[PDB]
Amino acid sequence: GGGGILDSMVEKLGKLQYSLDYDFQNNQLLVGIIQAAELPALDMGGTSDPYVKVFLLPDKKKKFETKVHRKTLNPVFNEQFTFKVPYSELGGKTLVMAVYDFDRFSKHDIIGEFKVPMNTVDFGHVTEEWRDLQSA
């Protein structure tokens, strides 16, 4: 501080709105990747090409991904994903949502991410919230 304290604050890397609900009838976790807001601008007044990867840890299965939305810092994804996992095995896992900037010719930069531990989720009601993207 003062600079040290400022440096510790959460950087403005945008926010993601998502929903989550466990379907006890079909025994699957339903995830809605709704929209992102205020993604950071690129240099020289440019915008990113955001998409979201959605997956469970420690599961090593291939991560799900939304479609890529071109040149926008405020994408509306409106996509749903399903994870076939019996409830009893869900409490030890962690749902990860990570927003990337698509590029055809170079490694895709990560914009930010956040994690939702299953043991923190309120099972029985649909979850819906905005989460600030965390650095790496």
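Position 1 is the first residue in the sequence shown; the rest follow in order.
- Missing-residue comparison: residue 75 falls in the unmodelled set for none of the other PDB entries checked, so it is not missing from a third of them.
- Among other compared entries that model residues flanking residue 50, every one gives it coordinates, keeping it clear of the one-third cutoff.
- Relative to its counterpart among 58-66 and 107-115, 58-66 has the higher mean temperature factor, C-alpha atoms as listed in the PDB entry.
- The PDB entry reports B-factors from which the mean C-alpha value can be compared for 32-40 and 85-93; the larger average falls on 85-93.
- Per the PDB record, residue ranking by Cα B-factor puts residue 9 in the middle third of the chain.
- In the deposited entry, the Cα temperature factor of residue 20 sits in the middle third of values across the chain's modelled residues.
- Residue 26: CA B factor in the highest third of modelled residues in this chain (values from the PDB entry).
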